[PDB]
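Listed in order, the protein sequences are those of chains J, H, F, D, B, I, G, E, C and A. Sequence positions in the first sequence follow PDB author numbering and run 14 to 42. Sequence positions in the second sequence follow PDB author numbering and run 14 to 42. Sequence positions in the third sequence follow PDB author numbering and run 14 to 42. Sequence positions in the fourth sequence follow PDB author numbering and run 14 to 42. Sequence positions in the fifth sequence follow PDB author numbering and run 14 to 42. Sequence positions in the sixth sequence follow PDB author numbering and run 14 to 42. Sequence positions in the seventh sequence follow PDB author numbering and run 14 to 42. Sequence positions in the eighth sequence follow PDB author numbering and run 14 to 42. Sequence positions in the ninth sequence follow PDB author numbering and run 14 to 42. Sequence positions in the tenth sequence follow PDB author numbering and run 14 to 42. No residue lacks a Cβ here, since even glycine has one placed at the ideal position from N, Cα and C. These notes concern the structure reproduced below.
There are 10 protein chains.
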Amino acid sequence: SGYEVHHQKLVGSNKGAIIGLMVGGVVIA
Amino acid sequence: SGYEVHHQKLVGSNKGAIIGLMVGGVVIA
Amino acid sequence: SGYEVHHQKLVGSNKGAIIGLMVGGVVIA
Amino acid sequence: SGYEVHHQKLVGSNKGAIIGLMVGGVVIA
Amino acid sequence: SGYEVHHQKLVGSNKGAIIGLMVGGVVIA
Amino acid sequence: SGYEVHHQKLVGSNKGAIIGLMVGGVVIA
Amino acid sequence: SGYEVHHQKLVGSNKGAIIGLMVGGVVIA
Amino acid sequence: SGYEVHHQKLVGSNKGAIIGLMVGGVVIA
Amino acid sequence: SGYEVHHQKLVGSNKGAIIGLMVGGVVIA
Amino acid sequence: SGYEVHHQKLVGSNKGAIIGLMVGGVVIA
Numbered sequence: 014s015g016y017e018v019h020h021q022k023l024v025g026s027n028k029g030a031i032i033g034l035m036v037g038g039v040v041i042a
Numbered sequence: 014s015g016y017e018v019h020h021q022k023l024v025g026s027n028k029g030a031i032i033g034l035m036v037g038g039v040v041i042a
Numbered sequence: 014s015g016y017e018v019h020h021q022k023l024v025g026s027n028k029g030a031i032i033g034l035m036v037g038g039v040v041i042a
Numbered sequence: 014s015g016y017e018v019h020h021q022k023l024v025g026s027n028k029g030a031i032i033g034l035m036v037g038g039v040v041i042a
Numbered sequence: 014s015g016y017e018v019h020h021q022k023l024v025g026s027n028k029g030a031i032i033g034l035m036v037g038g039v040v041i042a
Numbered sequence: 014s015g016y017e018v019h020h021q022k023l024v025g026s027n028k029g030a031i032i033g034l035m036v037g038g039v040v041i042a
Numbered sequence: 014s015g016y017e018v019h020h021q022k023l024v025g026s027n028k029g030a031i032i033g034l035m036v037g038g039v040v041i042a
Numbered sequence: 014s015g016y017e018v019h020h021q022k023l024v025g026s027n028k029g030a031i032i033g034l035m036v037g038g039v040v041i042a
Numbered sequence: 014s015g016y017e018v019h020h021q022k023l024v025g026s027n028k029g030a031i032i033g034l035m036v037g038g039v040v041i042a
Numbered sequence: 014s015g016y017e018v019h020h021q022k023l024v025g026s027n028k029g030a031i032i033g034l035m036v037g038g039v040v041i042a
């Protein structure tokens with residue numbers, strides 16, 4: 014038991030939000 | 014128990030928000 | 014128990030916010 | 014228990030905010 | 014218990030803000 | 014007869030293409 | 014006959030392409 | 014007959030391309 | 014017959030490319 | 014017949030490229 018995020022690959026253009034793990038807070042994309 | 018984020022690869026152009034781990038706060042992309 | 018972020022690689026152009034770990038505060042990308 | 018950020022590599026052009034760990038404050042990218 | 018940021022490498026051109034650890038204040042990139 | 018574009022006002026954040034008049038060429042937004 | 018662009022006002026943050034008149038060429042936003 | 018661009022006002026932060034008139038070439042924003 | 018760009022006003026901050034008239038070449042913002 | 018750029022005013026902080034007229038070459042901002 015726990016939370017984890019691993020081994021991913023992203024390529025190209027970002028203009029929004031990219032987030033690995035979110036435990037709280039607010040994201041206006 | 015815990016939170017972690019590892020071994021990821023990102024390539025190219027960013028104009029937004031990229032975040033590994035978010036525990037609180039606000040992100041206007 | 015804890016929070017951690019490791020071994021990631023980023024390549025190219027940034028004009029936004031890149032953040033390893035966020036525990037609070039505000040990010041206007 | 015604690016917060017940490019390690020072993021990451023960044024390459025290329027920055028015009029925004031790059032932050033290892035954020036515990037508070039404000040970031041206008 | 015504590016906060017730390019280590020073993021990262023950054024290469025290329027900066028015109029914004031690069032910050033290891035932020036505990037308060039304001040960053041206009 | 015002719016082409017013209019006038020008296021417009023834009024306010025806020027741009028991350029795409031804003032073009033007054035386009036007679037040819039290519040725009041990847 | 015002709016092409017023209019006038020009297021416009023833009024305010025705030027730009028991270029993309031802003032172009033008055035485009036007669037040819039390529040724009041990667 | 015001709016091409017012209019006049020009387021515009023721009024205010025704030027630029028991190029992209031701002032161009033009055035473009036007759037050819039390439040713009041990577 | 015011709016190309017011209019006049020009477021414009023820019024205020025604030027720049028980290029990209031600002032160009033009055035472009036007849037050729039390449040811009041990497 | 015010709016190309017010209019006149020009567021503009023620029024105020025504030027520059028860290029990129031400001032160009033009146035470009036007839037060729039390359040601009041890495």
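One thing to note: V24/G has its Cβ within 8 Å of the Cβ of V24/E. Beta-bridge analysis with DSSP links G25/J to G25/H. Shown here, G15/F sits in coil according to DSSP, grouped into three states, outside any helix or strand.
Bridge pairing for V36/H: absent [DSSP].
In the structure shown, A30/J falls within a strand segment according to DSSP collapsed to helix, strand and coil.
In this structure, the beta-carbon distance from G37/I to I32/G does not fall below 8 Å.
Here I41/F is buried. Its C-beta has 16 or more other C-beta atoms within 10 Å.
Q21/I sits exposed, since fewer than 16 C-beta atoms from the chains shown fall within 10 Å of its C-beta.
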